[PDB]
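> Before the rest arrives, take these chains from my complex:
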Amino acid sequence: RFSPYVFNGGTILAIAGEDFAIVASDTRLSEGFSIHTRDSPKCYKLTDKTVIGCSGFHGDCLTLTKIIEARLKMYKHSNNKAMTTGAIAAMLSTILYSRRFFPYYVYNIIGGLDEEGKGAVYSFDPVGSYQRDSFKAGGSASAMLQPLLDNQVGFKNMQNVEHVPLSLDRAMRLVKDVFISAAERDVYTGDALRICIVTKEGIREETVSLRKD
Amino acid sequence: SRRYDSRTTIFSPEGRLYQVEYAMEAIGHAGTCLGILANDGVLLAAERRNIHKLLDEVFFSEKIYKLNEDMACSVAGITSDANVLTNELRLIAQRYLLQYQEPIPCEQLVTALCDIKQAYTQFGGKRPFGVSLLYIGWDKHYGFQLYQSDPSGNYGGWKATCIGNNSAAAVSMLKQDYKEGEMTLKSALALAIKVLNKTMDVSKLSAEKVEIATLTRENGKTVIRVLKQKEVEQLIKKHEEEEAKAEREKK
């Protein structure tokens, strides 16, 4: 028959901080047992203060990103202001629930600064439900990445530990290590790691090479 | 006026819909139609109007129209509009019967048709129905009833009313010669004959200028029958005898 969805892999991850919002993802586009391309970042920047990561069915990801860009332009034209990160999250939830009976096969994580300059991470499901978190991992290796984020950033299951505030360099090192582990144990991850750091100055893009299959 | 009377939807400066009034005038141009309510039953006595010798009457009711088993009506106005209105009346009655499996009350059918007529009078581009209908029927709620409809879309329950030509004189005569509560079917027929004889000044009734239909209840069944020409002739003869006796007594 005809299957409208296929899994193209890809792993996304966002970490929130005091003045930064890291949005990292891999560049492995793989359908079936083959690799479509080795250069396809899953994180797309929407505004200066927001970056969104899309994983899953590539066609749905592209369509959703284009729709989000069009809606951002419409909002700017109407309200004469750039849409806020929380507003983007709410709009994305409404858009996702609009196609409820033909759901988008996209795992969405919005990361960026809020109106107070604090890192805000919004995690979404294909249907559209979302909430604000301090850190989240999505995609194929979400289950592999999340436990270490809980252990380190959340300081969970750590008796007699100092809850040091998360610094930028520590966050970058943690992201690099988690994605290295994912490439080690996940076949859908590797090649390169696109890191988008959203700070008040702007968005910085960093690429870290991962081991190929 | 020469204005406010074009689109059927312009309110006059005093708040008048002149097109509805013109439709009522058209009703007045129509033939005389008469209905009297009595305890025994309700009847409709209508002037046949067309009396051309070469004209043929293949239908049992020249202008009387049976709506359902429990109802009947008479027409005074435009013939084709009357035909469509009677078809709609039958349709509505049968729809009610299908939905509730019980005969429709007279007031419900009258209200439905009046709503149709009012809708036609409300929306522009549609000519108002130039027909006035007199309804006779029996229902389990109010028993025998007589109703009168207008082109405007207003109905009313009457005990004795007339529409068409010489309506005012017939109404005045009914007011003079109606006994509320003591009116029987035979006295109702006599009164209808007298009113028709006075209103139609062409000549004495010959039972071919008029058509009388009586609605009664027999064995728990509503019977709607059109009086035969012989019976109308006998009623006319009785009325003439009464008039002659009164004139002789007057001296």
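That came through fine. Numbering: from 1, shown residues only, chains lettered A, B, ... in the order given.
> Nearest residue to the middle of chain B?
residue B:134 (3.0 Å; C-alpha atoms, centre = their mean).
> Do I have it right that it meets residue B:73?
Yes: using C-beta atoms under 8 Å, residue B:134 is in contact with residue B:73, at 6.4 Å. Every C-beta, even on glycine, is put in place using the N, C-alpha and C of the backbone.
> Next, show the common contact partners of the two.
Common neighbours of residue B:134 and residue B:73, counting by C-beta atoms under 8 Å, 6 or more residues apart in numbering or on different chains, are residue B:44.
> The residue nearest to the centre of chain B and residue B:93, how far apart?
Distance, residue B:134 to residue B:93, by C-beta to C-beta, to the nearest Å: 16 Å.
> likewise residue B:12?
Taking C-beta to C-beta, one finds residue B:12 at 36 Å from residue B:93.
> who's more crowded, the two?
Ranked by neighbour count (other C-beta atoms under 10 Å in any protein chain shown), residue B:12 and residue B:93 place residue B:93 first, with 22 against 13.
> Just name whatever secondary elements the helix or strand containing that one is in contact with.
Using DSSP states H and E, residue B:93 sits within helix B:79-100. For helix B:79-100, the packing partners by 3 or more C-beta pairs under 8 Å, 6 or more residues apart in numbering or on different chains; DSSP states H and E come out as strand B:64-68, strand B:71-77, helix B:106-122, strand B:131-139.
> Chain C goes on too:
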Amino acid sequence: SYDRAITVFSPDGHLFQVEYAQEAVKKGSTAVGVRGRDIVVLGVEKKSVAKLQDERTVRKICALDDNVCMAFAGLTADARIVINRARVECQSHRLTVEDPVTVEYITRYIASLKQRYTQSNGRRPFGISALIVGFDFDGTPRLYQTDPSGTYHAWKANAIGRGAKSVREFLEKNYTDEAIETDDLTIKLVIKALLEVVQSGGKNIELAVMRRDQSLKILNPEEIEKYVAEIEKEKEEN
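Let me put chain C in with the others:
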């Protein structure tokens, strides 16, 4: 011209067809309604006591719902259509919201319907003014008045139709808290107002009474005549 099209604005800014619908409303028979403490009463002056006519089929006071009443003055067919629509909306509201219909809600619905019919020039406005009166969920008496334009206003006591101004002046002169306190006082006030409207009165009085948690009921001519006799005796005493 300006006065022939409903949509066309007059140079002064008038929609003269709506005003002509208001004139048609004024041509209607007088309808009077007052508000009292846990008692709402309506009264309509019959234009003529037409013999050989069933008074039941030409009633002017109807019940939109078990807790809402309405009286109209203008074109009878338009009033009937509006009443049917209001009843349908009342039942729809009781279905969707499950709560009893507020007088405000049904008044708003009727006003919206009239305004919609005023919108387009293809449809003529409803030439009726309605006195929607009843009790809310909490039992607070409420009296409202709508116009063909689509504007609704709450009143302590109002009169619509022919001779509305004189009856309104009468009500304003003779509206007191003591009269509202006693239900019989409010009924007598309505009788006096309608008798001022029509000298003959008596059989021409069509009065309906609604009280707290009680359905609409119309007083028979016997009770109306009793109240008229009470008013006449009070006048004679003075």
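> just to revisit the earlier point, for the residue nearest to the centre of chain B, name its beta-bridge partners.
residue B:74, residue B:148 (DSSP bridges).
> Spatially nearest residue to whichever residue of chain B sits closest to chain C (excluding sequence neighbours)?
The minimum distance from chain B to chain C, using C-beta to the nearest C-beta, falls at residue B:15 (2.7 Å). Excluding its sequence neighbours, the residue lying closest to residue B:15 (C-beta to C-beta, 6 or more residues apart in numbering or on different chains) is residue C:24, at 2.7 Å.
> what helix or strand does that neighbour sit in?
helix C:16-27.
> what separates residue A:194 from residue A:208, distance-wise?
Distance, residue A:194 to residue A:208, by C-beta to C-beta: 8 Å.
> quick one, which of the two is more surrounded?
Set residue A:194 next to residue A:208 and count neighbours by other C-beta under 10 Å: residue A:194 wins out with 21 against 15.
> show me what contacts residue 118?
Going with chain A. Counting by C-beta under 8 Å, 6+ apart, the residues that residue A:118 touches are A:16, A:18-19.
> that's the wrong chain, I meant chain B
B:152-153, C:77-78, C:80-81.
> Drop anything exposed from those residues.
Among the contacts of residue B:118, those buried by neighbour count (16 or more other C-beta atoms under 10 Å in any protein chain shown) are B:152-153, C:77-78, C:80-81.
> include chain D as well:
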Amino acid sequence: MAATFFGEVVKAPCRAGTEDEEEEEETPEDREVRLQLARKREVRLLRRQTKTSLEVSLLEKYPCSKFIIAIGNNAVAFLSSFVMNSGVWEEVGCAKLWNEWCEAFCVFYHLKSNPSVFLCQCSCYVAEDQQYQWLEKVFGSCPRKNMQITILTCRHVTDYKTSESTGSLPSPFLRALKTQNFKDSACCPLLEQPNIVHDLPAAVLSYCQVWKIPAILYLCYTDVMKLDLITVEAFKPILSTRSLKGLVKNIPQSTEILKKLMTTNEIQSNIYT
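Putting chain D onto the chains we already have gives this:
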């Protein structure tokens, strides 16, 4: 000309307005309301100072030698900016009227130094049925035939008729129309033959022509009409010539500043920005 629905029968309007009369051609109520409208529309000439209704006409009460009449916001603005500050002008009389179409007032001024010279700033519109009543109220029935009447008014370039299109025409241009008795130089091109004037200036000029009164009508055609400075600039040639040469003193500086005041306090068109 309704066309409300598909089959509506529309009638071609008549430029002669015959259809209005044809419908027009009673009930006591209709007559009463018609008389109420007639008395509501009639011009009531009175003065706000001391509240003395002026039953007697202005000309009969005070003999006049020079009556400058301005109709339209721009013309009255020009007069207010140029002639008031030159001398002193106190209010004497003010016509009050109500029309279907509409700072709408008709105020009359007279010079204290020379009472014979009068003024009229008609910033309001006058209906076709009220110009004659206004003339009766102001000039009365007996004219003097010794008044220099300078009527000032503004029109739209679209009104002007010529081979050249409206856009091609120079917008701030003005024309003149004078009576037979008025032998003074018009100082402006005469109005083209097909061009007609059909408002209060036309009524005043026709009255002057019929009764042999020397008068001149000036029409300043402009594309804009809401308190425009260029319009009064184009009017200035009017005071440059005689008649209004002595009424306005040699102080253009104050008038130019005063004219800016009127234009600054103006209401823009919300529909067209």
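> Check what packs on helix B:79-100 one more time with chain D there.
Helices and strands touching helix B:79-100, by 3+ C-beta pairs under 8 Å, 6+ apart, are strand B:64-68, strand B:71-77, helix B:106-122, strand B:131-139.
> Would you mind confirming that residue B:165 makes contact with residue B:27?
No: counting by C-beta under 8 Å, residue B:165 does not reach residue B:27; the two are 9.5 Å apart.
> Give me the phi and psi angles of the residue of the stretch 51-200 of chain D found nearest chain B.
Nearest residue of the stretch 51-200 of chain D to chain B (C-beta to the nearest C-beta) works out as residue D:100 at 15.9 Å. Main-chain dihedrals, residue D:100, degrees, to the nearest 10: phi -60, psi -40.
> Number of residues surrounding the spatially closest residue to it that is not a sequence neighbour?
Among residues not flanking residue D:100 along the chain, residue C:11 sits closest, at 4.7 Å (C-beta to C-beta, 6+ apart). Number of residues near residue C:11 (other C-beta under 10 Å) recorded here: 10.
> what residues are up against residue C:11?
Residue C:11 is in contact with C:2, D:100-101, counting by C-beta under 8 Å, 6+ apart.
> change it to 10 Å
By C-beta atoms under 10 Å, 6 or more residues apart in numbering or on different chains, the contact set of residue C:11 is C:2, D:99-102.
> which parts of chain D sit against chain B?
D:2, D:4-9, D:11, D:19, D:22-25, D:27, D:29-30, D:33 (C-beta under 10 Å from any C-beta of the partner chain).
> Many thanks, I have nothing further to ask.
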